[PDB]
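Only one structure is covered here, and it is reproduced in the block below.
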Amino acid sequence: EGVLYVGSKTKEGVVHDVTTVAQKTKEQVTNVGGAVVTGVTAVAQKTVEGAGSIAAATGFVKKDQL
Amino acid sequence: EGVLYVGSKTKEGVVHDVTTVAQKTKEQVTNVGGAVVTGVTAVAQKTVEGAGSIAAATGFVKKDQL
Amino acid sequence: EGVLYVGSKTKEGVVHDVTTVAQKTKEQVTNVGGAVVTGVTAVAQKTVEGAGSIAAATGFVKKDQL
């Protein structure tokens with residue numbers, strides 16, 4: 001029982017080529033108690049295991065009341 | 001029982017070529033207690049396992065009352 | 001029982017070529033307690049397993065009252 005890798009090439013959970021070019025003459029960002037994401041975000045993961053778990057949150061406003 | 005990889009090339013959960021070009025002369029962003037995502041977001045994952053789990057949330061406003 | 005990969009090339013859960021060009025002269029974004037997504041979002045996943053789970057939410061406003 002299990003996994004057997006015999007002479008194998010595996011890419012799992014990969015973000016491996018991202019090219020970005022940005023040209024802005026004038027920019028303004030105003031944020032009051034919130035999430036603002038202007039930049040590049042690259043997240044690679046193989047396994048996440050749990051009850052009520054958040055994985056790879058880029059822009060996230062969690063205001064919960066249980 | 002299990003998995004056998006004999007001389008195999010596998011790409012699973014991959015985001016591997018993304019090209020972006022952006023040209024803006026003037027920009028403004030105003031955000032009050034919310035999520036605003038202007039940038040590139042690349043998320044690769046193989047496995048997520050759990051009850052009530054969020055995976056790969058880019059713009060997310062969770063205001064829950066259980 | 002299980003899986004056998006003998007000399008196989010498999011791409012599963014992949015987002016591997018996305019090209020974007022954007023030209024804006026003037027832009028404004030106003031957001032009050034909500035989700036606004038202007039940028040590129042690429043999400044690749046192989047497996048998600050759970051009761052009441054959200055996978056790959058790009059623009060999401062969850063205001064629940066259980």
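Order determines the names: the first chain of the structure tokens is A, the second B, and so forth; residues in each chain are numbered 1 upward, and ligands are numbered 1 upward as they are shown.
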Checklist entry - When DSSP works through the backbone of this structure, what residues of chain C end up as strand (DSSP E or B), shown as a PyMOL selection string? => result chain C and resi 2-6+9-14+18-24+27-32+35-37+41-49+54-55+59-62+65
Can I get the selected residues back with C-alpha atoms, as an mmCIF file, in the first residue's frame?
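File produced: again.cif:
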data_model
loop_
_atom_site.group_PDB
_atom_site.id
_atom_site.type_symbol
_atom_site.label_atom_id
_atom_site.label_comp_id
_atom_site.auth_asym_id
_atom_site.auth_seq_id
_atom_site.Cartn_x
_atom_site.Cartn_y
_atom_site.Cartn_z
ATOM 1 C CA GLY C 2 -5.555 1.679 -7.430
ATOM 2 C CA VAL C 3 -4.070 3.579 -10.378
ATOM 3 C CA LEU C 4 -1.236 2.513 -12.705
ATOM 4 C CA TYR C 5 0.509 5.040 -14.970
ATOM 5 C CA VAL C 6 2.850 3.289 -17.422
ATOM 6 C CA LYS C 9 1.700 12.121 -19.927
ATOM 7 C CA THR C 10 -1.168 13.519 -17.843
ATOM 8 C CA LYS C 11 -2.122 17.168 -17.311
ATOM 9 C CA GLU C 12 -4.863 17.310 -14.675
ATOM 10 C CA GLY C 13 -6.003 20.494 -12.980
ATOM 11 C CA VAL C 14 -3.805 22.847 -15.024
ATOM 12 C CA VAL C 18 -3.039 32.770 -20.360
ATOM 13 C CA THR C 19 -1.982 36.004 -22.081
ATOM 14 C CA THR C 20 -3.615 39.338 -21.237
ATOM 15 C CA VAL C 21 -3.021 42.877 -22.517
ATOM 16 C CA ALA C 22 -4.858 45.829 -20.976
ATOM 17 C CA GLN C 23 -4.721 49.516 -21.929
ATOM 18 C CA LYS C 24 -6.755 51.980 -19.860
ATOM 19 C CA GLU C 27 -9.981 54.237 -14.303
ATOM 20 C CA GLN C 28 -11.813 54.571 -10.994
ATOM 21 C CA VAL C 29 -13.003 51.856 -8.603
ATOM 22 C CA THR C 30 -15.231 52.480 -5.579
ATOM 23 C CA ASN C 31 -16.168 49.624 -3.246
ATOM 24 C CA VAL C 32 -18.155 49.717 0.002
ATOM 25 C CA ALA C 35 -15.616 42.294 -3.559
ATOM 26 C CA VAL C 36 -14.162 43.847 -6.724
ATOM 27 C CA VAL C 37 -11.687 41.879 -8.855
ATOM 28 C CA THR C 41 -6.995 35.073 -11.418
ATOM 29 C CA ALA C 42 -5.706 31.583 -12.255
ATOM 30 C CA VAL C 43 -6.540 28.688 -9.922
ATOM 31 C CA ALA C 44 -5.576 25.050 -10.511
ATOM 32 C CA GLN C 45 -6.539 22.256 -8.123
ATOM 33 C CA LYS C 46 -6.583 18.466 -8.214
ATOM 34 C CA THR C 47 -8.805 17.451 -5.300
ATOM 35 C CA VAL C 48 -11.118 19.171 -2.819
ATOM 36 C CA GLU C 49 -13.115 17.005 -0.413
ATOM 37 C CA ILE C 54 -15.842 26.455 -1.253
ATOM 38 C CA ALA C 55 -13.085 25.983 -3.827
ATOM 39 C CA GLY C 59 -15.417 37.233 -6.264
ATOM 40 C CA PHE C 60 -17.486 36.115 -3.303
ATOM 41 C CA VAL C 61 -19.671 37.931 -0.769
ATOM 42 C CA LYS C 62 -20.821 35.395 1.834
ATOM 43 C CA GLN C 65 -27.072 33.646 8.955
#
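The interatomic distance for the pair atom CA of residue 15 of chain B and atom CA of residue 57 of chain A works out to 16.4 Å.
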